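Structure file upload22.cif (mmCIF, C-alpha atoms and all ligand atoms) follows.
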data_input
loop_
_atom_site.label_atom_id
_atom_site.label_comp_id
_atom_site.auth_asym_id
_atom_site.auth_seq_id
_atom_site.Cartn_x
_atom_site.Cartn_y
_atom_site.Cartn_z
CA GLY A 1 -7.29 31.74 -16.07
CA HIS A 2 -4.74 28.97 -15.93
CA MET A 3 -6.34 26.96 -18.74
CA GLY A 4 -7.54 27.86 -22.20
CA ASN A 5 -10.79 26.49 -23.58
CA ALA A 6 -9.39 23.29 -25.10
CA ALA A 7 -7.39 22.33 -22.01
CA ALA A 8 -10.27 23.03 -19.64
CA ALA A 9 -12.76 21.08 -21.74
CA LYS A 10 -10.36 18.13 -21.93
CA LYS A 11 -9.77 18.11 -18.15
CA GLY A 12 -13.50 18.44 -17.42
CA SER A 13 -14.35 15.48 -19.66
CA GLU A 14 -11.52 13.38 -18.14
CA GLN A 15 -12.80 14.03 -14.61
CA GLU A 16 -16.34 13.04 -15.67
CA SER A 17 -15.03 9.82 -17.21
CA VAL A 18 -13.26 8.92 -13.94
CA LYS A 19 -16.58 9.36 -12.12
CA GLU A 20 -18.22 7.02 -14.63
CA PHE A 21 -15.51 4.38 -14.19
CA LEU A 22 -15.60 4.56 -10.40
CA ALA A 23 -19.37 4.13 -10.29
CA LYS A 24 -19.10 0.91 -12.27
CA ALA A 25 -16.13 -0.27 -10.19
CA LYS A 26 -18.15 0.27 -7.00
CA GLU A 27 -21.10 -1.75 -8.33
CA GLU A 28 -18.75 -4.63 -9.23
CA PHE A 29 -17.02 -4.48 -5.83
CA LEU A 30 -20.27 -4.65 -3.86
CA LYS A 31 -21.49 -7.73 -5.73
CA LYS A 32 -18.28 -9.57 -4.89
CA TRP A 33 -18.43 -8.32 -1.31
CA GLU A 34 -21.81 -9.98 -0.74
CA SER A 35 -20.87 -13.31 -2.36
CA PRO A 36 -17.25 -14.04 -1.36
CA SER A 37 -15.30 -16.86 -2.99
CA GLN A 38 -14.14 -19.72 -0.81
CA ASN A 39 -12.11 -22.96 -0.78
CA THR A 40 -10.71 -22.76 -4.32
CA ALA A 41 -7.55 -24.91 -3.98
CA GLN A 42 -5.71 -27.17 -1.55
CA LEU A 43 -2.19 -27.38 -0.16
CA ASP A 44 -1.00 -30.45 -2.12
CA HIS A 45 -1.64 -28.52 -5.36
CA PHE A 46 1.65 -26.59 -4.79
CA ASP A 47 5.37 -27.17 -4.28
CA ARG A 48 6.91 -25.05 -1.51
CA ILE A 49 10.03 -23.25 -2.80
CA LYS A 50 11.28 -20.56 -0.40
CA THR A 51 10.14 -18.27 2.40
CA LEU A 52 9.69 -14.70 1.10
CA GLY A 53 8.61 -12.96 4.31
CA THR A 54 8.15 -13.94 7.95
CA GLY A 55 6.73 -12.04 10.90
CA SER A 56 3.94 -11.71 13.45
CA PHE A 57 1.50 -11.79 10.50
CA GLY A 58 2.46 -15.39 9.70
CA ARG A 59 4.65 -16.03 6.65
CA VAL A 60 4.65 -15.71 2.87
CA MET A 61 6.15 -18.49 0.77
CA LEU A 62 7.07 -18.74 -2.87
CA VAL A 63 5.24 -21.75 -4.29
CA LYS A 64 4.81 -23.47 -7.64
CA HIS A 65 1.44 -24.77 -8.82
CA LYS A 66 1.95 -28.40 -9.77
CA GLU A 67 -0.50 -28.58 -12.69
CA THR A 68 0.18 -25.25 -14.42
CA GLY A 69 3.76 -24.53 -13.30
CA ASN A 70 2.94 -20.95 -12.34
CA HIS A 71 4.57 -19.39 -9.30
CA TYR A 72 2.59 -17.64 -6.56
CA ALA A 73 3.17 -16.02 -3.17
CA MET A 74 1.26 -18.00 -0.52
CA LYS A 75 0.49 -16.23 2.77
CA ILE A 76 0.09 -18.81 5.59
CA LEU A 77 -1.56 -17.83 8.90
CA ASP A 78 -1.64 -20.06 12.00
CA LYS A 79 -5.28 -20.04 13.15
CA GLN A 80 -4.37 -20.50 16.81
CA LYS A 81 -1.86 -17.64 16.67
CA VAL A 82 -4.37 -15.33 14.92
CA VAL A 83 -6.81 -16.03 17.77
CA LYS A 84 -4.19 -15.48 20.48
CA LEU A 85 -3.21 -12.12 18.96
CA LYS A 86 -6.88 -11.06 18.61
CA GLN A 87 -6.76 -10.70 14.83
CA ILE A 88 -9.79 -12.71 13.64
CA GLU A 89 -11.67 -9.71 12.25
CA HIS A 90 -8.63 -8.19 10.49
CA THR A 91 -7.74 -11.56 8.90
CA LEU A 92 -11.28 -12.23 7.65
CA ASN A 93 -11.64 -8.63 6.45
CA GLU A 94 -8.33 -8.67 4.55
CA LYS A 95 -9.33 -11.81 2.64
CA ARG A 96 -12.82 -10.46 1.96
CA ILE A 97 -11.39 -7.20 0.57
CA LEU A 98 -8.79 -8.91 -1.62
CA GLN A 99 -11.32 -11.25 -3.21
CA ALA A 100 -13.63 -8.31 -3.99
CA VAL A 101 -11.33 -5.59 -5.41
CA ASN A 102 -9.93 -5.28 -8.92
CA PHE A 103 -7.36 -2.66 -9.96
CA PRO A 104 -4.05 -2.96 -11.86
CA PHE A 105 -1.93 -1.90 -8.84
CA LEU A 106 -3.72 -4.08 -6.22
CA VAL A 107 -2.36 -7.61 -5.80
CA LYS A 108 -4.58 -10.38 -7.13
CA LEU A 109 -5.78 -13.20 -4.91
CA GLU A 110 -5.93 -16.34 -7.04
CA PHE A 111 -6.85 -18.98 -4.44
CA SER A 112 -7.69 -19.33 -0.76
CA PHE A 113 -8.36 -22.30 1.53
CA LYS A 114 -7.79 -23.55 5.05
CA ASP A 115 -6.96 -26.78 6.86
CA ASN A 116 -6.86 -27.95 10.47
CA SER A 117 -4.01 -25.60 11.41
CA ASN A 118 -3.68 -22.75 8.93
CA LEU A 119 -5.32 -20.28 6.57
CA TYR A 120 -3.87 -19.80 3.10
CA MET A 121 -4.06 -16.87 0.69
CA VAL A 122 -2.46 -17.62 -2.68
CA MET A 123 -1.57 -14.37 -4.47
CA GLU A 124 0.20 -13.50 -7.71
CA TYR A 125 3.99 -13.53 -7.22
CA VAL A 126 5.43 -10.02 -7.49
CA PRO A 127 9.11 -10.69 -8.16
CA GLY A 128 10.61 -7.20 -7.83
CA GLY A 129 10.59 -7.10 -4.02
CA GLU A 130 9.78 -4.17 -1.72
CA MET A 131 10.17 -0.53 -2.76
CA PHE A 132 11.91 -0.16 0.62
CA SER A 133 14.92 -2.24 -0.54
CA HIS A 134 15.36 -0.37 -3.81
CA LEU A 135 14.98 3.01 -2.10
CA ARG A 136 17.60 2.26 0.54
CA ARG A 137 19.91 0.78 -2.14
CA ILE A 138 19.72 3.74 -4.55
CA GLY A 139 19.43 6.21 -1.66
CA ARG A 140 16.71 8.42 -3.11
CA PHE A 141 14.58 8.48 -6.29
CA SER A 142 14.76 11.45 -8.70
CA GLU A 143 11.57 13.48 -8.87
CA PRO A 144 10.38 11.87 -12.17
CA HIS A 145 11.02 8.40 -10.70
CA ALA A 146 9.18 9.28 -7.46
CA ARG A 147 6.33 10.85 -9.48
CA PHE A 148 5.82 7.66 -11.52
CA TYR A 149 5.23 5.73 -8.27
CA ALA A 150 3.20 8.51 -6.63
CA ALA A 151 0.81 8.63 -9.58
CA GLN A 152 0.03 4.95 -9.11
CA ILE A 153 -0.72 5.51 -5.41
CA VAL A 154 -3.00 8.49 -6.22
CA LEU A 155 -4.99 6.35 -8.67
CA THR A 156 -5.13 3.40 -6.24
CA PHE A 157 -6.38 5.59 -3.38
CA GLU A 158 -8.89 7.24 -5.71
CA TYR A 159 -10.19 3.75 -6.43
CA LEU A 160 -10.20 2.52 -2.80
CA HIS A 161 -11.82 5.69 -1.46
CA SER A 162 -14.57 5.46 -4.10
CA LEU A 163 -15.37 2.03 -2.56
CA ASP A 164 -15.46 3.80 0.85
CA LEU A 165 -12.29 1.92 1.86
CA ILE A 166 -9.65 3.61 4.03
CA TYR A 167 -6.18 2.04 3.56
CA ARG A 168 -4.01 3.24 6.54
CA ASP A 169 -0.94 0.99 5.89
CA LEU A 170 1.07 3.04 3.33
CA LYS A 171 4.88 2.86 3.49
CA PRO A 172 7.74 1.68 1.22
CA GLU A 173 7.90 -1.58 3.22
CA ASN A 174 4.35 -2.33 1.99
CA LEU A 175 4.79 -1.61 -1.73
CA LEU A 176 6.09 -4.24 -4.17
CA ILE A 177 7.60 -3.69 -7.64
CA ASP A 178 6.45 -6.02 -10.42
CA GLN A 179 8.27 -7.30 -13.49
CA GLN A 180 7.26 -4.21 -15.54
CA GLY A 181 8.43 -1.83 -12.78
CA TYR A 182 4.91 -0.95 -11.61
CA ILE A 183 3.59 -0.92 -8.00
CA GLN A 184 1.62 -3.65 -6.29
CA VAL A 185 -0.22 -2.94 -3.00
CA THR A 186 -0.66 -6.14 -0.95
CA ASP A 187 -1.47 -5.60 2.75
CA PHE A 188 -5.09 -4.92 3.67
CA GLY A 189 -5.09 -5.75 7.39
CA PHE A 190 -5.82 -2.12 8.39
CA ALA A 191 -8.29 -1.39 5.59
CA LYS A 192 -11.86 -0.66 6.61
CA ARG A 193 -15.17 0.47 5.12
CA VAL A 194 -15.42 4.10 6.32
CA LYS A 195 -18.04 6.46 4.85
CA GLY A 196 -17.68 9.05 7.65
CA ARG A 197 -15.22 8.81 10.51
CA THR A 198 -13.34 6.05 12.30
CA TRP A 199 -11.25 5.94 15.45
CA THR A 200 -8.72 3.05 15.65
CA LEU A 201 -5.11 3.82 16.54
CA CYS A 202 -3.17 1.93 13.84
CA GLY A 203 -0.25 2.56 11.48
CA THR A 204 3.49 3.18 11.53
CA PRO A 205 4.88 6.16 13.52
CA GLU A 206 6.56 7.99 10.62
CA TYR A 207 3.40 7.74 8.47
CA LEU A 208 0.74 8.64 11.11
CA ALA A 209 -1.43 11.65 10.39
CA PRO A 210 -1.70 14.17 13.24
CA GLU A 211 -5.39 13.45 13.78
CA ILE A 212 -4.63 9.76 14.47
CA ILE A 213 -1.88 10.71 16.95
CA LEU A 214 -4.25 13.12 18.67
CA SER A 215 -6.92 10.39 19.10
CA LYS A 216 -9.56 12.06 16.92
CA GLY A 217 -12.33 10.61 14.85
CA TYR A 218 -10.64 10.77 11.47
CA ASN A 219 -11.49 10.04 7.83
CA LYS A 220 -9.91 9.00 4.54
CA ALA A 221 -7.74 12.15 4.45
CA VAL A 222 -5.21 10.25 6.59
CA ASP A 223 -4.31 8.35 3.41
CA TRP A 224 -3.51 11.62 1.63
CA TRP A 225 -1.32 12.70 4.55
CA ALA A 226 0.47 9.36 4.25
CA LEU A 227 0.93 9.92 0.51
CA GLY A 228 2.76 13.16 1.41
CA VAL A 229 5.09 11.22 3.72
CA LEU A 230 5.71 8.65 0.98
CA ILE A 231 6.49 11.19 -1.74
CA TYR A 232 8.84 13.01 0.64
CA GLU A 233 10.67 9.83 1.62
CA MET A 234 10.97 8.63 -1.98
CA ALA A 235 12.45 11.96 -3.09
CA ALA A 236 14.69 12.68 -0.04
CA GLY A 237 15.67 9.13 0.98
CA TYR A 238 14.39 9.77 4.52
CA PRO A 239 10.96 10.73 5.81
CA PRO A 240 9.85 14.22 6.87
CA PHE A 241 9.51 13.34 10.59
CA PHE A 242 11.99 11.04 12.37
CA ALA A 243 13.53 10.71 15.83
CA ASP A 244 15.09 8.13 18.14
CA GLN A 245 11.70 7.19 19.61
CA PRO A 246 8.10 7.40 18.39
CA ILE A 247 7.04 10.06 20.98
CA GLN A 248 9.51 12.57 19.51
CA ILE A 249 8.27 11.73 16.01
CA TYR A 250 4.68 12.48 17.05
CA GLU A 251 5.74 15.84 18.49
CA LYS A 252 7.17 16.82 15.10
CA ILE A 253 4.15 15.56 13.14
CA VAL A 254 1.59 17.57 15.09
CA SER A 255 3.78 20.74 15.14
CA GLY A 256 2.76 21.92 11.65
CA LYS A 257 6.43 22.38 10.68
CA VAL A 258 8.22 20.45 7.92
CA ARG A 259 11.65 21.10 6.41
CA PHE A 260 12.83 20.09 2.94
CA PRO A 261 16.14 19.20 1.28
CA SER A 262 17.52 22.03 -0.82
CA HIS A 263 17.31 19.81 -3.93
CA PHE A 264 13.48 19.55 -3.77
CA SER A 265 11.80 21.52 -6.55
CA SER A 266 9.48 24.35 -5.57
CA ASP A 267 6.60 22.42 -7.19
CA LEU A 268 7.37 19.38 -4.99
CA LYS A 269 7.52 21.49 -1.80
CA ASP A 270 4.20 23.15 -2.62
CA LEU A 271 2.50 19.78 -3.15
CA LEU A 272 3.99 18.40 0.07
CA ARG A 273 2.94 21.43 2.12
CA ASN A 274 -0.66 20.86 0.97
CA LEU A 275 -0.57 17.09 1.72
CA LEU A 276 1.36 17.39 5.03
CA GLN A 277 -1.23 19.91 6.17
CA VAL A 278 -2.16 19.49 9.84
CA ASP A 279 -5.42 21.47 9.32
CA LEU A 280 -8.00 19.13 7.76
CA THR A 281 -9.94 22.10 6.33
CA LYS A 282 -6.93 22.83 4.13
CA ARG A 283 -5.47 19.42 3.27
CA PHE A 284 -5.39 18.35 -0.37
CA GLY A 285 -7.58 15.34 -0.96
CA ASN A 286 -10.02 16.53 1.70
CA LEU A 287 -11.41 19.65 -0.05
CA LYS A 288 -14.48 20.31 -2.22
CA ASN A 289 -12.41 19.40 -5.33
CA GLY A 290 -11.38 16.05 -3.83
CA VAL A 291 -8.62 14.14 -5.57
CA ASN A 292 -8.52 16.66 -8.43
CA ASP A 293 -6.53 19.15 -6.29
CA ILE A 294 -3.78 16.51 -6.28
CA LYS A 295 -4.08 15.35 -9.88
CA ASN A 296 -4.08 18.91 -11.26
CA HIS A 297 -1.17 20.14 -9.15
CA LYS A 298 1.83 21.47 -11.10
CA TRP A 299 4.14 18.71 -9.82
CA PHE A 300 1.94 16.26 -11.74
CA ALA A 301 1.63 18.42 -14.88
CA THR A 302 3.60 15.90 -17.00
CA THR A 303 1.63 12.91 -15.70
CA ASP A 304 -0.64 11.17 -18.22
CA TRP A 305 -3.06 9.55 -15.78
CA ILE A 306 -4.78 7.29 -18.32
CA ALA A 307 -1.43 6.08 -19.64
CA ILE A 308 -0.31 5.20 -16.07
CA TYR A 309 -3.55 3.27 -15.47
CA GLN A 310 -3.10 1.42 -18.81
CA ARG A 311 0.51 0.60 -17.84
CA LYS A 312 1.71 2.12 -21.12
CA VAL A 313 4.36 4.42 -19.54
CA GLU A 314 7.90 3.09 -19.60
CA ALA A 315 8.94 2.52 -16.03
CA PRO A 316 12.07 4.34 -14.78
CA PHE A 317 13.49 1.13 -13.35
CA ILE A 318 12.95 -2.57 -14.16
CA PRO A 319 13.99 -5.02 -11.41
CA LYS A 320 16.41 -7.81 -12.22
CA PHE A 321 14.50 -10.95 -13.18
CA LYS A 322 16.57 -13.97 -14.25
CA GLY A 323 13.43 -15.98 -15.08
CA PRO A 324 10.31 -17.20 -13.30
CA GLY A 325 10.63 -18.10 -9.66
CA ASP A 326 13.62 -15.78 -9.26
CA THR A 327 13.75 -14.62 -5.61
CA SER A 328 16.90 -12.48 -5.71
CA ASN A 329 14.97 -9.32 -4.74
CA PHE A 330 13.77 -10.86 -1.45
CA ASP A 331 15.55 -11.64 1.81
CA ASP A 332 16.71 -15.03 3.01
CA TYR A 333 14.97 -16.77 5.90
CA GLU A 334 15.10 -19.99 7.88
CA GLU A 335 12.61 -22.45 6.41
CA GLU A 336 10.31 -23.47 9.24
CA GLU A 337 8.10 -26.43 8.38
CA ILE A 338 4.40 -26.22 7.51
CA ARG A 339 3.01 -28.55 10.16
CA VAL A 340 -0.66 -29.44 9.86
CA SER A 341 -2.41 -31.24 12.73
CA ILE A 342 -4.81 -34.18 13.06
CA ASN A 343 -7.19 -32.00 15.09
CA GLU A 344 -9.05 -29.05 13.61
CA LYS A 345 -8.20 -25.78 15.31
CA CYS A 346 -10.57 -22.80 15.67
CA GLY A 347 -13.25 -23.98 13.25
CA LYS A 348 -15.99 -21.71 14.62
CA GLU A 349 -14.01 -18.48 14.46
CA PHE A 350 -12.86 -19.00 10.87
CA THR A 351 -16.02 -20.57 9.39
CA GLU A 352 -16.41 -17.79 6.81
CA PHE A 353 -12.82 -17.92 5.51
CA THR B 1 23.46 16.74 8.04
CA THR B 2 19.79 15.78 8.13
CA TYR B 3 20.75 12.43 6.58
CA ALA B 4 23.36 11.92 9.29
CA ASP B 5 20.69 12.56 11.94
CA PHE B 6 18.45 10.02 10.20
CA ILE B 7 21.15 7.30 10.38
CA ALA B 8 21.80 8.18 14.02
CA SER B 9 18.12 7.82 14.86
CA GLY B 10 18.50 4.12 14.03
CA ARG B 11 15.02 3.98 12.46
CA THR B 12 16.48 3.32 9.04
CA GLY B 13 15.54 -0.36 8.59
CA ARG B 14 12.09 -1.82 8.09
CA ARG B 15 9.61 -0.15 10.46
CA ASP B 16 6.95 -1.97 12.49
CA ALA B 17 3.37 -0.84 12.94
CA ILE B 18 2.39 0.37 16.38
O1 LIG C 401 6.50 -9.26 0.23
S1 LIG C 401 5.52 -9.96 1.00
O2 LIG C 401 5.90 -11.13 1.74
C1 LIG C 401 4.22 -10.42 -0.11
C2 LIG C 401 2.94 -10.31 0.37
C3 LIG C 401 1.85 -10.56 -0.46
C4 LIG C 401 2.04 -10.90 -1.77
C5 LIG C 401 3.34 -11.03 -2.30
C6 LIG C 401 3.59 -11.37 -3.66
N1 LIG C 401 4.81 -11.51 -4.17
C7 LIG C 401 5.85 -11.32 -3.35
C8 LIG C 401 5.75 -10.99 -2.03
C9 LIG C 401 4.47 -10.81 -1.46
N2 LIG C 401 4.91 -8.89 2.09
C10 LIG C 401 4.52 -9.34 3.43
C11 LIG C 401 4.26 -8.18 4.39
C12 LIG C 401 5.19 -7.01 4.19
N3 LIG C 401 4.74 -5.95 3.28
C13 LIG C 401 4.93 -6.34 1.86
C14 LIG C 401 4.26 -7.67 1.56
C1 LIG C 402 19.93 2.53 9.10
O1 LIG C 402 19.76 1.19 8.65
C2 LIG C 402 19.39 0.28 9.68
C3 LIG C 402 20.50 0.16 10.71
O2 LIG C 402 21.62 -0.53 10.12
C4 LIG C 402 20.89 1.55 11.20
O3 LIG C 402 22.05 1.49 12.02
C5 LIG C 402 21.11 2.54 10.06
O4 LIG C 402 22.28 2.25 9.32
#
Translate the structure of the given file into structure tokens.
Amino acid sequence: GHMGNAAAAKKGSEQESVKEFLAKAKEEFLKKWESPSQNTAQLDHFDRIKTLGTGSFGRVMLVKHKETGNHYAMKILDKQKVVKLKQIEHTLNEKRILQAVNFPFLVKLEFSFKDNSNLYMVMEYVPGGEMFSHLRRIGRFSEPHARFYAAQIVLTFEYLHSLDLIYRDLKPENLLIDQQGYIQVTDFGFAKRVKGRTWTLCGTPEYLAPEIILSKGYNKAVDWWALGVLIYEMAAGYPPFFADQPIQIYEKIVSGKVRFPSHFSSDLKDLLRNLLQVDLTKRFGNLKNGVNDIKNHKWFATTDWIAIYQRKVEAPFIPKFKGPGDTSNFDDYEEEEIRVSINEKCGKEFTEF
Amino acid sequence: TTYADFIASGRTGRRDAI
């Protein structure tokens, strides 16, 4: 067979230990799910430094905690805007997930609170910026560089799926690089508890699995499809399916055809053909062997999964960091004010936040 | 090239969700 006795015994024991870890992680998650934390700071505890990100989701600001001096990224949401855009459930669910999970590649929520106008999530500051910026700057990542990042996503999805959480928001725009060069996943607005199927149309055109496009009841295998898109884009510098307009992208996705740059290794192409598999009965991550079909694939043969989890692998790239509070890896924005109001807004809808 | 076609698509900056 492909493995001798010693290698097969070692892999079997490793896979059993992952099961043991995940069972304990699930018990810990469910306890925190039932008893969420609440109102653990207030706005005057922080200095506002600079806007890090702005959009329909509200804004994220670099702040400094007055007492301790530590920097954080504070996501601010306007309650009245959340209501207008029909996002109450997604907002409450994102905060509930973040306060309940624990994994080295998932961003940590340190504080949350609200006031008359806004909701606040105070998260660890991840100073390296978005993978998107680095990928467009360098052009494409070499296969070892891409593999280092992909391994972290595989482990993170293995963790989330063991909690019965579907992720659905994977793309380079939504991955941050930390000071040690490792990945941080931050956005949980599309995440959902899904033990069987779910049906919502959500995501980004280039990263949509065919079964979402085709309006099916789908399952957590859409995340493994999206991992295929991510690995492809990291290694090529462009994604496998693109076009002027989303409709043409969807036509390519569902076609069952994908083409590769001539510099992709044969191992990489084989892995991608099994992730970008339109047939769910054949897609890696959705088979009897689960995540092990991915972890044991030849493209990952050099990957030490425990060492990645323990953050003991030297990262291929370390982002420039000229000290704490450095924001050079983020974009520049116009600093709109944080206006509070004398009248509470939307107290009923956000009572559990 | 395929890369040229990518640039020409225009979908080469940050991409919004649907
Ligand atoms: O970079 S963020 O502003 C950001 C969010 C959450 C925590 C963060 C921590 N440090 C820096 C930036 C952070 N960002 C907003 C939405 C776009 N996708 C990536 C996350
Ligand atoms: C890709 O980058 C975004 C935009 O500038 C486009 O024209 C392409 O260059």
Pick from A:286, A:99, A:118, A:292 nearest to residue 305 in chain A, counting only C-alpha atoms:
A:292
Quick one: of A:217, A:139, A:189, A:290, who's nearest to ligand LIG 401 (chain C), counting only C-alpha atoms and all ligand atoms?
A:189
Set the cut-off to 6 Å and count all atoms listed in the file: what are the residues of chain A that reach chain B? Output as number ranges by chain.
A: 203-204, 243-244
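Minimum atom-to-atom distance to ligand LIG 401 (chain C), evaluated using all atoms listed in the file, belongs to A:123 out of A:234, A:41, A:123, A:22.
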Pick from A:225, A:260, A:167, A:188, whichever lies nearest to ligand LIG 401 (chain C) using all atoms listed in the file
A:188
Please find the residues contacting ligand LIG 401 (chain C) at a distance of at most 8 Å between atoms, with all atoms listed in the file counted, and report them as number ranges by chain.
A: 52-55, 57, 59-62, 72-75, 107, 123-130, 173-176, 185-187, 330
Using all atoms listed in the file, collect all residues at a distance of at most 9 Å from (-7.1, -22.5, 4.0) as written in the file, then present them as number ranges by chain.
A: 38-39, 41-43, 76-77, 112-121, 353
Incomplete chain B brought to N, CA and C atoms, written out as a JSON list (two decimals), in the coordinates of the input:
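Saved result, rebuild.json, follows:
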[["chain", "number", "residue", "atom", "x", "y", "z"],
["B", 1, "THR", "N", 24.50, 16.53, 9.05],
["B", 1, "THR", "CA", 23.46, 16.74, 8.04],
["B", 1, "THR", "C", 22.15, 16.13, 8.50],
["B", 2, "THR", "N", 21.05, 16.45, 7.81],
["B", 2, "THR", "CA", 19.79, 15.78, 8.13],
["B", 2, "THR", "C", 19.90, 14.27, 7.91],
["B", 3, "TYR", "N", 20.58, 13.86, 6.83],
["B", 3, "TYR", "CA", 20.75, 12.43, 6.58],
["B", 3, "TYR", "C", 21.54, 11.77, 7.70],
["B", 4, "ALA", "N", 22.60, 12.44, 8.17],
["B", 4, "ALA", "CA", 23.36, 11.92, 9.29],
["B", 4, "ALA", "C", 22.48, 11.72, 10.51],
["B", 5, "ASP", "N", 21.62, 12.69, 10.82],
["B", 5, "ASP", "CA", 20.69, 12.56, 11.94],
["B", 5, "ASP", "C", 19.73, 11.39, 11.73],
["B", 6, "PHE", "N", 19.31, 11.16, 10.50],
["B", 6, "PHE", "CA", 18.45, 10.02, 10.20],
["B", 6, "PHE", "C", 19.15, 8.71, 10.57],
["B", 7, "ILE", "N", 20.37, 8.50, 10.06],
["B", 7, "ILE", "CA", 21.15, 7.30, 10.38],
["B", 7, "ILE", "C", 21.27, 7.14, 11.90],
["B", 8, "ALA", "N", 21.58, 8.24, 12.58],
["B", 8, "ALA", "CA", 21.80, 8.18, 14.02],
["B", 8, "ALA", "C", 20.52, 7.86, 14.77],
["B", 9, "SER", "N", 19.36, 8.21, 14.22],
["B", 9, "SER", "CA", 18.12, 7.82, 14.86],
["B", 9, "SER", "C", 17.99, 6.31, 14.98],
["B", 10, "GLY", "N", 18.63, 5.56, 14.07],
["B", 10, "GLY", "CA", 18.50, 4.12, 14.03],
["B", 10, "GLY", "C", 17.26, 3.57, 13.35],
["B", 11, "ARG", "N", 16.29, 4.43, 13.02],
["B", 11, "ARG", "CA", 15.02, 3.98, 12.46],
["B", 11, "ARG", "C", 15.08, 3.94, 10.94],
["B", 12, "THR", "N", 16.14, 3.30, 10.44],
["B", 12, "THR", "CA", 16.48, 3.32, 9.04],
["B", 12, "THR", "C", 16.29, 1.96, 8.37],
["B", 13, "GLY", "N", 15.95, 0.92, 9.13],
["B", 13, "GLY", "CA", 15.54, -0.36, 8.59],
["B", 13, "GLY", "C", 14.02, -0.45, 8.49],
["B", 14, "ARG", "N", 13.54, -1.66, 8.24],
["B", 14, "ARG", "CA", 12.09, -1.82, 8.09],
["B", 14, "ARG", "C", 11.38, -1.51, 9.40],
["B", 15, "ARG", "N", 10.28, -0.74, 9.30],
["B", 15, "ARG", "CA", 9.61, -0.15, 10.46],
["B", 15, "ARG", "C", 8.34, -0.93, 10.77],
["B", 16, "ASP", "N", 8.14, -1.24, 12.05],
["B", 16, "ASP", "CA", 6.95, -1.97, 12.49],
["B", 16, "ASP", "C", 5.77, -1.02, 12.70],
["B", 17, "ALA", "N", 4.57, -1.58, 12.55],
["B", 17, "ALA", "CA", 3.37, -0.84, 12.94],
["B", 17, "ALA", "C", 3.28, -0.77, 14.45],
["B", 18, "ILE", "N", 2.50, 0.19, 14.95],
["B", 18, "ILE", "CA", 2.39, 0.37, 16.38],
["B", 18, "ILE", "C", 1.48, -0.67, 17.01]]
